[PDB]
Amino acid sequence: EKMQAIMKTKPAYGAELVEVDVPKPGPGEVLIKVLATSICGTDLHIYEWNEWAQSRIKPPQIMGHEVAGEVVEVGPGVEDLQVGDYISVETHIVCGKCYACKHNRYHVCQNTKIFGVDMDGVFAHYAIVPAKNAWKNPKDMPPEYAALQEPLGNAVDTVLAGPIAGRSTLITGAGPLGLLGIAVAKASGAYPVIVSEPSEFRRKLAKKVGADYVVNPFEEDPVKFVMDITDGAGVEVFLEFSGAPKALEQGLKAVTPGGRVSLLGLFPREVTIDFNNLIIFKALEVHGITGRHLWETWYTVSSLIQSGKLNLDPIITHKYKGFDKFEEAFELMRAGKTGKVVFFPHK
């Protein structure tokens, strides 16, 4: 029982396509056959071998964590999963019975392990998946969609931290999460969705996903752009995808008084904010968004995917049959050339 695996072998940059033994699932574990698997930020940082990577991941370890996989074997004393179950994985392995956790706050909740970071991930033909992190998918759901579901739940928690149907919306940043964010907003009835993005490639993508207006902040004033569209009102809803200090300010200026803000992008530094003018006098409701509601956000994700109202096709810019072009995948990724990237391990 041998398989191919994308492996962090040493401390250096990069990874290796390695042949390894298929793992045996132990108690509370299932082995799945990987049908589709995608690369996020974090896999990219492990690839790059950045400063965070080095203090966290001790090679050799299998990479990846966004899957659509089929259960093939089940470990001792797993009820609830069986062979043939089609699943996706939640990697935030949570508390259970902490303060935040007893209060059902599983997204802002502490501790135990990350899957794909602290143990082997899923860029392999087969992967061990702890049964308590498994999400069952509908059987007719394309594995390539199913595999977006974790980050798509970042975008659902962001888009829908409050109501959006019929709401003028500003999105800053059209990276992978921001593109999924726009997909979620439009399926939720947001109108106009206005996207502020510096990258011309990323705005092509924004416009494709279904954004109603895109503005280039480096090129034209994104606040003035929003006041042109909203005839002076500003946007009801501002969603922060980038982490760029300037785009916080700017969206904070373009939201309407009494409007609502979702903060997902992570900042490089402390930001300097005129609180009085931008939050207290505007009476904003500002939401900090991290992690995923267990399992409310997954129900929503599953079901907007199944509605066909998510325009996901543009976001998946690259699909790769097996793991042979792994290097090229990560490289086009590093170069800002990819929407989402999907490997199909069994072509």
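One-based numbering along the sequence shown.
In this entry, the higher average B-factor at the C-alpha atoms falls on 8-16, of the pair 8-16 and 334-342. In this crystal structure, the stretch out of 71-79 and 208-216 whose C-alpha atoms carry the higher mean B factor is 71-79. Ranking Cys101, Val122, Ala161, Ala247 by the C-alpha B-factor listed in the PDB entry places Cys101 at the top. Within the group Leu170, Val117, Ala187, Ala155, the record's highest C-alpha temperature factor is found at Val117. Compared with the other modelled residues of the chain, the Cα B-factor recorded for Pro138 ranks in the lowest third. Sorting the modelled residues of the chain by their CA temperature factor places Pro59 in the highest third. When all modelled residues of the chain are sorted by CA temperature factor, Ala127 is found within the middle third. For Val94, the recorded CA temperature factor ranks within the highest third of the chain's modelled residues. Looking at the C-alpha B-factors along this chain, the one for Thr297 belongs to the lowest third.
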